[PDB]
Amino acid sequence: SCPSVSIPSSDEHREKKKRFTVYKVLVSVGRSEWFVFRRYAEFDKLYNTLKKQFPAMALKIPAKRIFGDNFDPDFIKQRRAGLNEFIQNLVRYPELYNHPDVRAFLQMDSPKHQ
């Protein structure tokens, strides 16, 4: 079927002198569903790759460079919203959800999903 996606939540991880937010993406294709876990940088690489290959789609992603606390929960919430709208637009077009970089991002061809 035509895939459906959402980004319901995010989680903070830390290592030493370091933190990062991990976005939980629910991906549904047909009668099945799974979880993909993506950092903003992973959305961004995809956005940059596809904005060049599909200019007229006027792809939009939330801001990359933040002047302020990039771990403000208000900020992360707005960012998640923007990323959700980003990917949810991606899966509307078969030109996109048959794109290899998109299918890998959402793990649409992993053998683990049967």
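So that there is no doubt, residue numbering starts at 1 and follows the sequence shown.
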Exercise for the section: Could you check which stretch, 96-104 or 15-23, carries the larger mean CA temperature factor in the entry? Expected result: 15-23
Exercise for the section: Using the B-factors recorded in the PDB entry, average over the C-alpha atoms of 35-43 and of 53-61, then report which stretch comes out higher. Expected result: 53-61
Problem - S6 by Cα B-factor - lowest, middle or highest third of the modelled chain - result: lowest
Problem - CA B-factor ranking of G30, expressed as a third of its chain - result: highest
